[PDB]
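Read the single chain below, which is given as structure tokens and is the form deposited in one PDB entry.
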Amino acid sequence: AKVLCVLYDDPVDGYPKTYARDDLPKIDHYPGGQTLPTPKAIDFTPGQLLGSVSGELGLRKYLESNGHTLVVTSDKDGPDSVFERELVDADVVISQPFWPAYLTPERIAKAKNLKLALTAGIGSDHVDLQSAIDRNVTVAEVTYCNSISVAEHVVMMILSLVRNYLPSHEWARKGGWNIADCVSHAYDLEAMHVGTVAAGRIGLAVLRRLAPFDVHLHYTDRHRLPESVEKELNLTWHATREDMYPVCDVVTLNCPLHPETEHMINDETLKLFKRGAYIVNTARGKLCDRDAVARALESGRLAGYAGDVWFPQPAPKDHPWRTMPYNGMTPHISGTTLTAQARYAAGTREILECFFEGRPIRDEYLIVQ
């Protein structure tokens, strides 16, 4: 078969010859018992750059030795791209949410031989599921491969906002000292009120990491956690988002993007937030009105905003969240640490091993079958 695999670009300086460390830490399962990927074998060293065009998810040797073809490109946008030209006869498509090859209806019409749409990572937002269903296209993901990655990045961003880390580090890096400058916007996190919207994999991992900071933990979700978890972490349940926000020193978001949660943080709803509240969002850019948030950081309504999701994405060069005051932004990278890649590359081979073997794909991996 033909496998089309859309990956992001290599580093500008070129593809890493060497890495910072020899291996990654061994992990057996994810919180909640789901074991890590279990491919029969892997042809990479964990810790290699696997999600860029030259890392190829460690897939080529295994694909080819077994008589399949692998075409790897980063050129995925619109009608004339390599992605689009190669799709028409592709049996498998693989891409990452960090560089998504969209499987629009129009595109799935054309993928005459498409059998598998694989997310190397989590979700299927780039894939029209109903179209996949009508064409008998199996849609899979590497469930949980990066939920912990994203919660670490969230807690890191909360701390960094609270303690005014990024400007503080600019002062060192630029030759200054300027203690009062570093700290006239700097607080401890301790005993702050932190709320989370949704406590799925990500949210729950975030509250768990927050707990020993002796913050006061709040949350809201479609459905509540087992009361025993609520007890072991001292959660305050809030029935609505808009009930939670007023009492939170820090709000972290884990919503999916739907017309309802689109621009749900705006100049209006921002009146619900405590003055000098911090927001962290690694869910979806659009959950927060772009210009409203910059506004808010300009007038002191919010004291910091951070996240790695943006609208549009890739974010334009002049995107105002890049340079707004008191921001701790990163490009959309949090679930593509080299650690997460190693997991999702193994997951990707694992799905492919099963798929190619007429063996059934893990239930947790399937989105559509």
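Take the two forms, superpose them, and find the largest set of C-alpha atoms that agree within 1.5 Å; that set is the rigid core. From 1 onward, residues are counted along the sequence shown.
This protein has a second form, the form deposited in another entry, left out of what is shown; the following refers to that one.
- Comparing the two forms between this form and the one not shown on the rigid core, the single residue of 206, 279, 248, 140 with a CA shift of 2 Å or greater is 140.
- Relative to the superposed core, residue 151 shifts its CA atom by less than 2 Å between this form and the one not shown.
- Once you line up the core between this form and the one not shown, the Cα of residue 89 ends up 2 Å or more from where it was.
- Core-aligned CA deviation for residue 38 between this form and the one not shown: 2 Å or greater.
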